[PDB]
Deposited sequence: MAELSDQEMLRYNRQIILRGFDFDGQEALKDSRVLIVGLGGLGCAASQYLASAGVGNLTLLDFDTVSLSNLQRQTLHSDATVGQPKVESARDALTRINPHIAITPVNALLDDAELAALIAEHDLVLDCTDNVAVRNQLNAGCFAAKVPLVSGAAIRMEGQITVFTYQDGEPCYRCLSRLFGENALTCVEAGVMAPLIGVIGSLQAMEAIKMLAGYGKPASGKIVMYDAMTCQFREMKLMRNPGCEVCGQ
């Protein structure tokens, strides 16, 4: 990529980070990221991916903005209640950073369509609300070896893990195999979403060390963070 003079000034505070530099900012400009789910986590993650300069964002979600969403989905507003979340989010994100390209996809995609869509991106964010879509994304990401930055939140608890699909690394099924409406506190989505954005930037630019091979769990009631190692499960149906 080539940054304009105006972009160099906009992204100054990132450019001057030692091991990030112009090359890191250019890496972001040249990146293509797929964000799946434009609810709480997706609004939080996308806002900082956009501000940070990630050049191409695809926004995927089938749902519309509802009054109850507005407690935590800060890209959406009372004026956009009833609109597809991807459109409401796109309009907000383009104001956050007019230099990037935002593609809204208002659809519920099947596996064949997801395979194509995943393969066309550098990195995928899982900001969805259910294990069915999350398993779908993990399967597609695993097959194409496209990193998945996975965030989840409910009540007062959040989690993040990055799946890079390197040999010997666990996938989402290695975790999901361990188990089988409710409230959520607004800023929890901000914490997890922002962590997702951070991990995505780190992966795109090759900056720092990704949060792979561990679950980072945030317990908001006591402001405690626990890192627990995640091992590959030998017979997991996806990567076993």
| property | result |
| --- | --- |
| Sequence ranges absent from the coordinates, based on the deposited chain and numbered from 1 | 1, 182-188, 249 |
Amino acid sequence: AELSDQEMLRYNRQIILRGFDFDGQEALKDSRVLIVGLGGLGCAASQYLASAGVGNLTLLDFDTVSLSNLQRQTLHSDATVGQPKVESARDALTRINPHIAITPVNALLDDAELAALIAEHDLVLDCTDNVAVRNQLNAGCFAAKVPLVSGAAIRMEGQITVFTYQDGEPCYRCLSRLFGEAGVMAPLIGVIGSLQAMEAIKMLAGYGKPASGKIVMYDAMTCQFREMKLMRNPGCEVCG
From here on, numbers count along this sequence of modelled residues.
property	result
Stretch exceeding the other in mean C-alpha B-factor - 228-236, 21-29	228-236
Comparing 143-151 with 126-134, the one whose average Cα B-factor in the PDB entry is higher	126-134
Deposited CA B-factor, highest of 44, 205, 174, 34	174
From 213, 55, 187, 193, residue of greatest CA B-factor	213
Residue 69 - which third its CA temperature factor falls in, relative to the rest of the chain	highest
Residue 105 by Cα B-factor - lowest, middle or highest third of the modelled chain	middle
Assigned third (lowest, middle, highest) for the C-alpha B factor of residue 15	middle
Assigned third (lowest, middle, highest) for the C-alpha B factor of residue 115	highest
Chain thirds of CA B-factor: placement of residue 167	highest
